[PDB]
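A.B. asks: Okay, here's the structure, questions in a sec.
Cβ: placed from backbone, ideal geometry, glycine included. Neighbour counts: every protein chain shown. Throughout, read-outs are computed from the coordinates displayed, never taken from laboratory work.
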Amino acid sequence: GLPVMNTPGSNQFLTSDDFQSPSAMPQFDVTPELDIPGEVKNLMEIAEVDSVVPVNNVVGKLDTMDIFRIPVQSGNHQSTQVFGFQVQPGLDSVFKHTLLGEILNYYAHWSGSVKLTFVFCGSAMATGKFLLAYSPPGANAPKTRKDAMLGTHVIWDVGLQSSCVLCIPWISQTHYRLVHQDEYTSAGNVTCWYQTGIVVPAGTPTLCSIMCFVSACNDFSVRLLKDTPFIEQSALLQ
Amino acid sequence: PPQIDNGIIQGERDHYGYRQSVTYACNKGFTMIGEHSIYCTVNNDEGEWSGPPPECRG
Amino acid sequence: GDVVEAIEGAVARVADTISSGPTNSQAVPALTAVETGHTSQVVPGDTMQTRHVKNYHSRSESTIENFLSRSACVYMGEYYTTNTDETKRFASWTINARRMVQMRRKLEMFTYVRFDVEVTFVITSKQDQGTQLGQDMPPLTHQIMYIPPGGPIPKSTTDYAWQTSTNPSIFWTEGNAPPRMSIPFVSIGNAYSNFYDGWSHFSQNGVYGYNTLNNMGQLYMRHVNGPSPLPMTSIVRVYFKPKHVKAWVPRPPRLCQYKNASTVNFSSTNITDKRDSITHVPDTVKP
Amino acid sequence: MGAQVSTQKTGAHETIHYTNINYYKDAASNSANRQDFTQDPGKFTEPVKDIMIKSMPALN
Amino acid sequence: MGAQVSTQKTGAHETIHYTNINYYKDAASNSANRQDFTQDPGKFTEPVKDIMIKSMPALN
Amino acid sequence: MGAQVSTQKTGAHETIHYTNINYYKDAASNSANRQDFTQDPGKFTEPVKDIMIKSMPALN
Amino acid sequence: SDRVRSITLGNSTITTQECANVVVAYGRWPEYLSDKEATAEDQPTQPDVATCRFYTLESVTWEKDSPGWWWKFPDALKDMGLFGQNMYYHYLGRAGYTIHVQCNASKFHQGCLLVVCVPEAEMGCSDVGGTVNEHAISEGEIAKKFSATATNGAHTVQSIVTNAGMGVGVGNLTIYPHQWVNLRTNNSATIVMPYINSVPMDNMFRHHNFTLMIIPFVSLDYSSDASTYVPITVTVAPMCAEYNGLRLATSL
Amino acid sequence: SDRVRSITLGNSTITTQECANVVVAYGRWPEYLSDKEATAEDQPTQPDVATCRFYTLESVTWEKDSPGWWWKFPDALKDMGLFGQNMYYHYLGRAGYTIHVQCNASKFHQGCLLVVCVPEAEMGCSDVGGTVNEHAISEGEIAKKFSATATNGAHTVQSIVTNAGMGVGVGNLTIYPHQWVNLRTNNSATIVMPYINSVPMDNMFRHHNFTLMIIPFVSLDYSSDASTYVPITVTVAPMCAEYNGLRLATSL
Amino acid sequence: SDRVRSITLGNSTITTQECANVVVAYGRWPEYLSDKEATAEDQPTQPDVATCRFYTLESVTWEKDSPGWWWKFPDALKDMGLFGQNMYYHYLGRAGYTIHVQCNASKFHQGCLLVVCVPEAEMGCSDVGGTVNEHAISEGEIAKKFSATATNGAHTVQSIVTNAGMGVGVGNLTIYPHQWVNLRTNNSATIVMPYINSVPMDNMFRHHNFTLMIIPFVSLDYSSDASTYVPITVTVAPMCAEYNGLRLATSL
């Protein structure tokens, strides 16, 4: 009988612990391993993949494919903003259900840059330039293109390359932000403006669409596993 | 769609079908309280608006 | 390496930020083609000037092991200690992780998974309400039998099947640590299938989906003390913690609410939540 | 004894090991491999033949 | 990493390896030993002292 | 095969080995480590700095 | 230029002059089954030209309001010559695939299609208490159409396109092997799927290994006097196909 | 002699001239968290003087019939200057402790106190169908009193001292880090607790890491004309304390 | 380009895409106090993440006729989490600062702001026989407004902007660490102040180490239909902050 003393935490079931147990099936011969394509070793490999952002999440469109298309058109419309949202990649109804947003809502802390790729889906004959502007927090969202072009912007010229990348860099006061973001860990906003119109010939549709893809850059990371606020049930057998 | 006191429907259409939306706007000097728009739901072959229109209060 | 064997720290940081000055060239990293099914590998240094940032962040908590190796409730089952009906004095459960919604949604983020399980039980008795509640019952012992497919199913609490000559069983008396045992990877295929697009019968009918490939057996639970003078209820909660996890073919996270455990049936769900307009960003700097 | 000596999850910038012995005979009974940090995002991003340079236009 | 490299179940006549890493700390948590093919039918057949030659009459 | 050959629990005074092969791929699936007999009663008995000599008075 | 691409399998060739690229599903090419990974003992069949060749399904008509189409692809090829026959006479079969989706238009049409290859795209019923038919999830070479609104039918799929019949976000379908047919950029997409399963081979009648979905995200648009007819063709070439368990033929 | 002992942490010193010894809980000294064992990613705070210093709680009065007192100690220090503030502003916190229990008397008083540090001393309700309050198990710096008889109150602890609120034998409490204040031998006890948990850090509001119990086994006795007032003071110094997850402050 | 700049302190990051540069006040970076220069004997506290992080004060509204605003900055941060708490519980404290002033507009707005960090900006009363209040010279996070005309109030500051409350020329304020927010060039300025004093540490309640002034030299102008609202945000990150002399908390 070796002398021994039990410490607090004995006979508790911590759901996160990591101890050896006895096998209920001793010497069980496990099936051989099969080289299946597409093995995941980190959820960040998943969140690094684009997913169509629902930027047009306005009423009457939440159940349609029109929720994905940002409408652009020809004419003098520079006085109007194409779109704008908050960079809350796990709280904003524009991002919470994207691949990145879903992976985010399993954690409490996120860090790193986020790519927004924009894709033009008009005719090959339609041409246009856009200003895509990410503004860090501390001021209101810009109301004019003159204000938006003071933040981090890209002037996207539409051509044979149909997509532009606006990388939102990590400009934070803290190493991590909260996925459930409040005013302390705010991250800014993204807006779009017509830089130089949309010019189209005759016999061509004058109103086209833009698509938004969100993904996480290679410096992105998460912290503090938690449960999603998304899936819920009232009873078992479900 | 129902009309509202001290507000208008923006470009009211003749016929509203499934998931189509009606956008309300208050007249000058009046404050909107409620949903900016409502949309057409359809169940058991009968249409019904998603909820009450907004209030425009002075 | 006979008495002690060292192990090198597998530490994996995220990528640094490389410093980028001003540019004017024919290189265009911000210009790409999503039509290729290829995600752009652009870093922030391509679209703006960046300082050098040495990054010490890690992705250790998004590893598949660290994402899945958490104990999660898969079943909650009641059974009585005394009752005129006999099928109420014990509990059955067909083993599947599809009835509690959180762990199901976590697992269904991948098409195939292969892991061992750590099964913990949390058994909790309570005295039912009644006119008389005074009694002195000794501690309640519980038997949890694992019946693999084909073994004899018990019909009562006194059945011969509870002899557990070969089926693995755990006896545990109340007041002690929760019972916990390990389970190897016990599929007949090379991995578990969260999804089975297919049928049980070659005539392309019968059962559709997860239930054709899913037969791990059942769990039976009873009290061993026999009936109490006054009614008592034991609730057994089953917690699975996968370990030594491998996952293949990730899937888009379940957006709709689960309806039952037999199927993937769902009510049609909005893509996301509505806002006021497409440009709507509410002011946060105001008096 | 057949002890393994690995490194604990510490910080990366602020100013140590843990011992493990396996007691059971089956490997299904060990503790989780909490520290396996290899990666390959290229199966899912850039899953194309004809690798893309990220400086070249990516078309034409 | 502590990778094992074994051979996949292929054919025996028609014209390759798989990698395994153990992530968990308990051996009860590994995958099944699907490829252990040793044999000994002599415990059950011919379980006799005085081995029988199969050419000799086996009696007398 | 990757066989382990250990010693069976025998007596200590009266006048042998057993073989083990792990078939499964996970360590959670091995058999219990029934033979790990290291000890340290000093965590619980004598858990004090200023070790006590057991011959000295233990105070003053 | 890299916009030209030729793919030759068997006696079939596909040229394209507006190739985006080729998606090799998870960076893995179809391969035959090895000995270290096999489980079925008899000698396999490897026709390798008679079966590994492009088969063209019936076209679909991209209209201005189409929600999208899908095929369950181990199925859908059971009348395709010797591939279908070898599916019929064997209990086990195994193949990767080259999917090529063709959709050309003019420089004045606009539209964007997502072409996804979803492994194990198990679908749900329109009645959330019911189960689907085989006819509900597949029709052979005929395409199964998505819906723009929630469907109400027992034994049919919930085919509103935003949920993809799978209870997910449609916009997240890009986690799978996918390409985009942007009319202003593309006219063809091609995905190379290896064999994906939890077992080395399976029955090619019972189990739908993957579903090909073609969903227009940006609608088909053109101004009047332009061609109103835009078709979409799918061409599927099995790859490294082998079969085991030969007996009499299944009679569906 | 080894009866003298000084302990200096921060700007605080405790001398004792009748030290028994120092119990280092399981032979382990408090340590900061390392990299091989951490899980939270942001940089920790290590005040290390502002927080790692002796704090004195309110005394208790040893009477001739006192059953005993307890404190839930991660709690109970939430008004103690910057230790309390750092508990309030961070989501995670971690510390070991130096507990010093002071109880002096004369050479003519007799008594024996057991001073235990019980990890995870989860307590039970007086109604065996009910659950406890937070007020029932803790009162901050105020001591929670044991009872000499079984208590009957819903939402309160079963605080009869022989069961220690834990459903055990009181005389077995010596399995934990403990000391004895024997009046004829001692006037102070000191235990050095490291951080004990199943996780590297935790919330210092939600989880009571350990309970300090002070139970008189031999009652306080003295003959008349002697001092009837004998107090018992507890002095707790956090050690190697660090915090993670800084945000706005909790408002209890 | 060098117009982009990221500053990361603690759990806070600021990006700017129209950085002018960074002014390091006198070419000196904040540093901790050494042994050859210290005078207080006890061990300091160095939270270093809990306190050395960006804090955002309330914005101000740049109008077409604003004279300017100021903050007394050792003050003004006394509700900022653990920085404020460590100011409250210690007698001595010491920190440098990263000041970041954010003011974006459009390319059609015009304006120029001088952002100065004035050490020991001692101010004078509006009654030249009277003395100021603490409320007259500081309001915490609230900005103190300059005046366009001479003020007449006892116990208030002479806040006509041309004299800067200091009895000097406003246009000479460029002798101090300063930047300019030119709307046609900038939207942010950043000054890195070390600790400046005639003593190594001081009380962070009693002594205002420096004042941040934001004075529009060229007025805010824009033609109609443009945004009339232009805010100005200040973000302050203490740096290399340490504290000595821990006791109970001051109660202002």
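A.B. asks: Suppose we filter the range A:19-33 for residues that are under 27 Å from residue F:44 (Cα atoms) and either facing chain H (nearest Cβ under 9 Å) or touching an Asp or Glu at 6+ places or on another chain (Cβ under 7 Å) (or both); how many remain? First the steps, then the outcome.
C.D. replies: Keep residues of the range A:19-33 that are under 27 Å from residue F:44 (Cα atoms), which gives A:19-22.
Applying the additional criterion that residues be either facing chain H (nearest Cβ under 9 Å) or touching an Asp or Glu at 6+ places or on another chain (Cβ under 7 Å) (or both) yields A:20-21.
Final tally of qualifying residues: 2.
A.B. asks: Let me ask you something else. Answer yes or no: is there a residue in the range I:17-30 that is within 22 Å of residue I:90 (Cβ to Cβ) and either of a type outside the set (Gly, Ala, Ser) or surrounded by fewer than 23 Cβ atoms within 10 Å (Cβ to Cβ) (or both).
C.D. replies: Here is the first cut: in the range I:17-30, the ones within 22 Å of residue I:90 (Cβ to Cβ) are I:30.
Right, trim to either of a type outside the set (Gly, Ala, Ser) or surrounded by fewer than 23 Cβ atoms within 10 Å (Cβ to Cβ) (or both) and you get I:30.
Checked the range I:17-30: at least one residue is within 22 Å of residue I:90 (Cβ to Cβ) and either of a type outside the set (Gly, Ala, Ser) or surrounded by fewer than 23 Cβ atoms within 10 Å (Cβ to Cβ) (or both).
A.B. asks: Just one of (1) within 30 Å of residue D:12 (Cα to Cα); (2) touching a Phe, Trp or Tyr at 6+ places or on another chain (Cβ under 9 Å) trips up residue A:136, so point out which.
C.D. replies: (2)
A.B. asks: Shifting gears a bit: Among (1) basic (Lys, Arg); (2) within 14 Å of chain F (Cβ to nearest Cβ); (3) under 30 Å from residue A:138 (Cβ atoms), there is one condition residue C:274 misses while meeting the rest; what is its number?
C.D. replies: All conditions pass for residue C:274, except number (2).
A.B. asks: If residue I:100 satisfies every condition in (1) touching a helix residue (DSSP H, G or I) at 6+ places or on another chain (Cβ under 9 Å); (2) over 26 Å from residue H:11 (Cα atoms); (3) of a type outside the set (A, V, I, L, M) but one, which is the exception?
C.D. replies: Against the list (1) touching a helix residue (DSSP H, G or I) at 6+ places or on another chain (Cβ under 9 Å); (2) over 26 Å from residue H:11 (Cα atoms); (3) of a type outside the set (A, V, I, L, M), residue I:100 comes up short only on (1).
A.B. asks: Can you tell me which residues in the range D:1-11 are part of a strand (DSSP E or B), at the interface with chain H (Cβ under 7 Å from one of its Cβ atoms) and either more than 21 Å from the chain's Cα centre (by Cα) or not basic (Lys, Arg) (or both)?
C.D. replies: Residues of the range D:1-11 that are part of a strand (DSSP E or B), as a first pass: D:3-7, D:9-10.
Cutting the leftovers down to at the interface with chain H (Cβ under 7 Å from one of its Cβ atoms) gives us D:7, D:9-10.
If the condition is that a residue be part of a strand (DSSP E or B), at the interface with chain H (Cβ under 7 Å from one of its Cβ atoms) and either more than 21 Å from the chain's Cα centre (by Cα) or not basic (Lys, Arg) (or both), then D:7, D:10 are the ones that fit.
A.B. asks: Looking at the range D:25-37, is at least one residue out of contact with any helix residue (DSSP H, G or I) (no Cβ under 7 Å at 6 or more places or on another chain) and either more than 30 Å from residue F:31 (Cα to Cα) or of a type in the set (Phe, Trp, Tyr) (or both)?
C.D. replies: No - not one qualifying residue is present in the range D:25-37.
A.B. asks: Residues that are away from chain E (no Cβ under 14 Å) and among the polar types (S, T, N, Q), at least 2 per element: which strands (runs of 3 or more DSSP E) completely within the range C:27-145 meet that? Show your work before the answer.
C.D. replies: Values: elements: C:72-80, C:90-94, C:110-127.
Those strands (runs of 3 or more DSSP E) span C:90-94, C:110-127.
A.B. asks: Filter the range F:37-60 down to the residues that are within 26 Å of the chain's Cα centre (by Cα) and farther than 18 Å from residue H:179 by Cα, then identify the one that is nearest to the other protein chains (Cβ to nearest Cβ).
C.D. replies: F:39
A.B. asks: With the condition kept exactly as written, say whether any residue in the range C:205-213 is surrounded by 19 or more Cβ atoms within 10 Å (Cβ to Cβ) and within 7 Å of another protein chain (Cβ to nearest Cβ).
C.D. replies: Yes, that holds for at least one residue.
A.B. asks: Still on this structure: Quick check on my filter: what residues within the range I:140-192 are assigned to a strand (DSSP E or B) and among the charged types (D, E, K, R)? First the steps, then the outcome.
C.D. replies: To start, the set of residues in the range I:140-192 that are assigned to a strand (DSSP E or B) comprises I:142, I:144-145, I:147, I:157, I:160, I:178-182, I:188-192.
Those that are assigned to a strand (DSSP E or B) and among the charged types (D, E, K, R): I:144, I:145.
A.B. asks: Checking the structure you have, find out if any residue of the range D:41-58 is in contact with a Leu (Cβ under 9 Å, 6 or more places away or on another chain) and surrounded by 15 or more Cβ atoms within 10 Å (Cβ to Cβ).
C.D. replies: Applying the first criterion (in contact with a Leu (Cβ under 9 Å, 6 or more places away or on another chain)) to the range D:41-58 yields D:57-58.
Cutting the leftovers down to surrounded by 15 or more Cβ atoms within 10 Å (Cβ to Cβ) gives us D:57-58.
The answer is yes; a qualifying residue exists.
A.B. asks: Which one of A:172, A:162 is within 15 Å of residue A:127 (Cβ to Cβ), surrounded by 23 or more Cβ atoms within 10 Å (Cβ to Cβ), of a type in the set (S, T, N, Q) and within 7 Å of another protein chain (Cβ to nearest Cβ)?
C.D. replies: On the way: A:172 fails: within 15 Å of residue A:127 (Cβ to Cβ).
Being within 15 Å of residue A:127 (Cβ to Cβ), surrounded by 23 or more Cβ atoms within 10 Å (Cβ to Cβ), of a type in the set (S, T, N, Q) and within 7 Å of another protein chain (Cβ to nearest Cβ) holds for just one of A:172, A:162, which is A:162.
A.B. asks: Which pairs do you get when a residue that is closer than 30 Å to residue A:141 by Cα, found in the range I:81-103, comes within reach of a residue that is crowded, with 24+ Cβ neighbours inside 10 Å and of a type in the set (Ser, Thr, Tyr), reach meaning Cβ atoms under 6 angstrom, with the pair 6+ apart or on two chains?
C.D. replies: I:82/I:51; I:83/I:51; I:102/I:188
A.B. asks: Would you be able to say whether some residue in the range C:137-150 is of a type in the set (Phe, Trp, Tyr) and within 22 Å of the chain's Cα centre (by Cα)?
C.D. replies: Going residue by residue through the range C:137-150, those that are of a type in the set (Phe, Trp, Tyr) are C:146.
After this cut, where a residue has to be within 22 Å of the chain's Cα centre (by Cα) as well, the list is C:146.
Yes, because at least one residue in the range C:137-150 is of a type in the set (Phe, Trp, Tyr) and within 22 Å of the chain's Cα centre (by Cα).
A.B. asks: Moving on. Which number in (1) away from chain A (no Cβ under 14 Å); (2) closer than 21 Å to residue G:63 by Cβ; (3) touching a helix residue (DSSP H, G or I) at 6+ places or on another chain (Cβ under 8 Å) marks the one condition that residue G:123 misses?
C.D. replies: (2)
A.B. asks: Specify the residue that is nearest to the chain's Cα centre (by Cα); the eligible residues are those in the range H:107-124 that are within 30 Å of residue C:130 (Cβ to Cβ) and surrounded by fewer than 20 Cβ atoms within 10 Å (Cβ to Cβ). Walk me through it before giving the result.
C.D. replies: At the first step, the residues of the range H:107-124 found to be within 30 Å of residue C:130 (Cβ to Cβ) are H:122-124.
Still in the running and surrounded by fewer than 20 Cβ atoms within 10 Å (Cβ to Cβ): H:122, H:124.
Numbers: H:122: 14, H:124: 19 Å.
Ranking the candidates gives H:122 first.
A.B. asks: Next question. Looking only at strands (runs of 3 or more DSSP E) that lie completely in the range A:155-237, which have at least 1 residues being over 30 Å from residue C:237 (Cα atoms) and over 16 Å from the mean Cα position of the chain (by Cα)? If you could, list the steps in order and put the result at the bottom.
C.D. replies: On the way: elements: A:163-168, A:172-174, A:189-199, A:207-216, A:221-225.
It comes to A:163-168, A:172-174, A:189-199, A:207-216.
A.B. asks: Which of the residues spanning the range F:12-36 are more than 9 Å from every other protein chain (Cβ to nearest Cβ) and under 23 Å from the mean Cα position of the chain (by Cα)?
C.D. replies: In the first step, residues of the range F:12-36 are kept if they are more than 9 Å from every other protein chain (Cβ to nearest Cβ); the result is F:12-19.
F:12, F:13, F:14, F:16, F:17, F:18, F:19, listed by residue number.
A.B. asks: Going residue by residue through the range H:195-210, is there one that turns out to be on the phi < 0 side of the Ramachandran plot, among the charged types (D, E, K, R) and out of contact with any strand residue (DSSP E or B) (no Cβ under 8 Å at 6 or more places or on another chain)?
C.D. replies: yes
A.B. asks: Another question, if that's okay. Looking at the range A:13-68 only, could you name the residues that are among the aliphatic types (A, V, I, L, M), within 30 Å of residue A:83 (Cβ to Cβ) and part of a loop (DSSP other than H, G, I, E, B)?
C.D. replies: Restricting attention to the range A:13-68, the residues satisfying the condition of being among the aliphatic types (A, V, I, L, M) are A:14, A:24-25, A:30, A:34, A:36, A:40, A:43-44, A:46-47, A:49, A:52-53, A:55, A:58-59, A:62, A:65, A:67.
Checking which are within 30 Å of residue A:83 (Cβ to Cβ) leaves us with A:43-44, A:46-47, A:49, A:52-53, A:55, A:58-59, A:62, A:65, A:67.
Hits for the range A:13-68 are A:49, A:53, A:55, A:58, A:59, A:62.
A.B. asks: In addition: Quickly run through the range G:41-79 and pick out the residues that are part of a strand (DSSP E or B), surrounded by 14 or more Cβ atoms within 10 Å (Cβ to Cβ) and among the polar types (S, T, N, Q). Before the answer, list the steps.
C.D. replies: First, pick out the residues of the range G:41-79 that are part of a strand (DSSP E or B): G:45, G:55-56, G:60-62, G:69-72.
Checking the rest, the ones that are also surrounded by 14 or more Cβ atoms within 10 Å (Cβ to Cβ) come to G:45, G:55-56, G:60, G:62, G:69-72.
Those that are part of a strand (DSSP E or B), surrounded by 14 or more Cβ atoms within 10 Å (Cβ to Cβ) and among the polar types (S, T, N, Q): G:45, G:56.
A.B. asks: If you go through the range H:85-106 one residue at a time, do you hit one that is within 15 Å of the chain's Cα centre (by Cα), within 13 Å of another protein chain (Cβ to nearest Cβ) and among the hydroxyl-bearing types (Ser, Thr, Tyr)?
C.D. replies: yes
A.B. asks: Additional query: When the residues of the range G:202-252 are filtered to those that are among the small types (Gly, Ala, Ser) and part of a loop (DSSP other than H, G, I, E, B), which remaining residue is nearest to the other protein chains (Cβ to nearest Cβ)?
C.D. replies: To start, the set of residues in the range G:202-252 that are among the small types (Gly, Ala, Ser) comprises G:219, G:223-224, G:226-227, G:237, G:241, G:245, G:249, G:251.
Within this subset, residues satisfying the condition of being part of a loop (DSSP other than H, G, I, E, B) are G:223-224, G:226-227, G:249, G:251.
On the way: G:223: 5, G:224: 8, G:226: 7, G:227: 12, G:249: 12, G:251: 9 Å.
By that ranking, first place goes to G:223.
A.B. asks: Assess whether residue G:128 counts as being touching a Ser or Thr at 6+ places or on another chain (Cβ under 7 Å), within 13 Å of chain A (Cβ to nearest Cβ), of a type in the set (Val, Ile, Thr) and not in a strand (DSSP E or B).
C.D. replies: Numbers: touching a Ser or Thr at 6+ places or on another chain (Cβ under 7 Å): yes; within 13 Å of chain A (Cβ to nearest Cβ): yes; of a type in the set (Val, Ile, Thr): yes; not in a strand (DSSP E or B): yes.
In short, yes.
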